[PDB]
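Undergrad: Handing you a structure now.
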Amino acid sequence: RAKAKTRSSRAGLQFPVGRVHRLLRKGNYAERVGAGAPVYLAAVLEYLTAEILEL
DNA sequence: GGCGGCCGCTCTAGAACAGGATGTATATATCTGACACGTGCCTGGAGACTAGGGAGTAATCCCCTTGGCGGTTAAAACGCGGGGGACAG
Numbered sequence: 011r012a013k014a015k016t017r018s019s020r021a022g023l024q025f026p027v028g029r030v031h032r033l034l035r036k037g038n039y040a041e042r043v044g045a046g047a048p049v050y051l052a053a054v055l056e057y058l059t060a061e062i063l064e065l
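Right under this line is the structure:
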């Protein structure tokens with residue numbers, strides 16, 4: 011058990027990658043969910059959130 | 001001596017302009033009520049591991065869309081007549 015580092019900090023992001031991945035897994039959406047799919051989804055949500063909050 | 005033309009005078013009205021009216025834009029005074037910080041957890045994701053399976057890639061194949069023609073008659077396009085309707089009033 012090494013140091014617990016979240017995937018959001020490794021990707022330079024604030025939205026939770028793990029919570030997005032868990033909601034994709036338990037959302038009965040697909041049999042498999044890739045590694046980059048929650049990162050891409052969280053990045054898109056972060057960009058949309060930042061743009062909407064800035065406006 | 002009578003009459004058309006010309007210019008001044010007064011009447012009338014469109015419109016720029018200033019003053020009153022009332023519902024909002026602000027300047028504090030103060031309430032106030034959620035906002036975010038702190039704390040205490042604790043419950044879900046991450047490091048690490050096991051295993052395997054569906055796609056990355058290579059090969060084939062056969063298939064089906066693109067280019068590329070004449071032909072020919074359906075039709076786009078130009079134009080004349082005109083006709084009923086969009087819109088100003």
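Letter 51 of the first sequence, counting from 1, is numbered 61 in PDB author numbering, and no numbers are missing.
Beta carbons: idealized from backbone N, C-alpha and C, even for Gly.
By the DSSP assignment, the alpha helix (DSSP H) with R20 in it spans what residues?
TA: Per DSSP, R20 belongs to the alpha helix (DSSP H) from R17 to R20.
Undergrad: Looking at C-alpha atoms only, which residue of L63, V54 and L34 is the closest neighbour of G22?
TA: Looking at the Cα atoms, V54 is the closest of the given residues.
Undergrad: Quick check: the region 42–57 against the region 11–30, are at least 3 beta-carbon pairs closer than 8 Å?
TA: Result yes; three or more Cβ-Cβ pairs closer than 8 Å.
Undergrad: In terms of residue numbering, what span does the alpha helix (DSSP H) encompassing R35 cover?
TA: It spans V27 to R35 - the alpha helix (DSSP H) in which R35 sits, taken as one unbroken run.
Undergrad: Verify whether the separation of the beta carbon atoms of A40 and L34 is less than 9 Å.
TA: Closer than 9 Å, so yes.
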